[PDB]
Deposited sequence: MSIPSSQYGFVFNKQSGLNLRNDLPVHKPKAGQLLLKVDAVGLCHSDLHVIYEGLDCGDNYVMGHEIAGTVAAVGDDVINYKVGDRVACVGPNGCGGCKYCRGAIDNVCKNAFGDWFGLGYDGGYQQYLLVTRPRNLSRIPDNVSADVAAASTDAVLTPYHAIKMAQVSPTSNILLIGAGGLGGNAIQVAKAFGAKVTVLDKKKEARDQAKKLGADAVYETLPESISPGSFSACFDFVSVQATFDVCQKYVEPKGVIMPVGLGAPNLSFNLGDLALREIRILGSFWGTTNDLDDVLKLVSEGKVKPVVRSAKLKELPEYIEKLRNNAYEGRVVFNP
């Protein structure tokens, strides 16, 4: 029961789609396919699907578009053909990147890329990442590509092992006593419960940044005296922008990031 219109629109034949739990009348957001654009172009979808006409979109921040709330690809707006209403929200897949890898890049890589870029990570950064799963594992690779030294905390042995293979410079279950408090230029929390926030706050340096990218609790608290006195910054981050997706696919193209991609959906995988 398919669509087919195009006035300022295009038609995308879906080649790969990635797989929500917190969510759980629209087809359900990690999309790569084939058709500023001409038939045969390979493209990936920028989930936040910004309007393109507001101050946020114009802007460089099309991910926080107020007009598109409730109209994100597969989350307000898993199917064989997708009529793309707003072709501005597409990114060209490079020739050497497969549709499967592109699809797996549209969120699992895009999201930590956007946060790392926001934090202004550089080859002198000394960063802490908490949680090395879907997002976290890609965050390791993105961070290393920015030149950073990367320390990973994860409760799960297997995630610690994967983190070592993906290039982390140190991996631990808990930070040992020899790690000085106040020594990391940035802390990225992919878990975001209170305990994990409190470690970011203890181990972030003065003027450093805490990026609570995970969504593990509805509220978090920070110590105010400490945040003020040491000028800590907490920056929210959501998904990514169209330009960020271009950047991600370039990194993936150049071999700097290799996402791990693997419909019994009910039972990252693409």
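- Judged by missing C-alpha atoms, the gaps in the deposited chain sequence fall at residues 1-24, 44-46, 52-59, 64, 72-79, 122-124, 310-313, 319-330, 334-336, listed in sequence order.
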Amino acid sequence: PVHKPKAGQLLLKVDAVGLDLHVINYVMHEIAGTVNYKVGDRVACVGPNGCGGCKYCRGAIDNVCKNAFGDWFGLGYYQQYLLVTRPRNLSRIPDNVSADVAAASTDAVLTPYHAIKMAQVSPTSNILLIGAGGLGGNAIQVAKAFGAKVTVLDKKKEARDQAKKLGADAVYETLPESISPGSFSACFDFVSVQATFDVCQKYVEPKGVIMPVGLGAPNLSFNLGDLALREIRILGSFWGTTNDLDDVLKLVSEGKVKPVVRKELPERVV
From here on, numbers count along this sequence of modelled residues.
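- The deposited model assigns a higher average Cα B-factor to 9-17 than to the other stretch when 9-17 and 242-250 are compared.
- Note on 123-131 vs 157-165: mean CA B-factor is higher in 157-165.
- Comparing C-alpha B-factors across 147, 182, 176, 76 in the deposited entry, the largest value falls on 76.
- Per the deposited record, 28 carries the highest C-alpha B-factor of all listed residues (28, 54, 213, 217).
- When all modelled residues of the chain are sorted by CA temperature factor, residue 45 is found within the middle third.
- Placement of the Cα temperature factor of residue 190 within the chain: lowest third of the modelled residues, per the deposited record.
- The deposited CA B-factor of residue 204 belongs to the lowest third of values across its chain.
- Annotation for residue 107: CA B-factor lies in the middle third of the chain's modelled residues.
- Among the modelled residues of its chain, residue 68 has a C-alpha B-factor that falls in the highest third, as given in the PDB entry.
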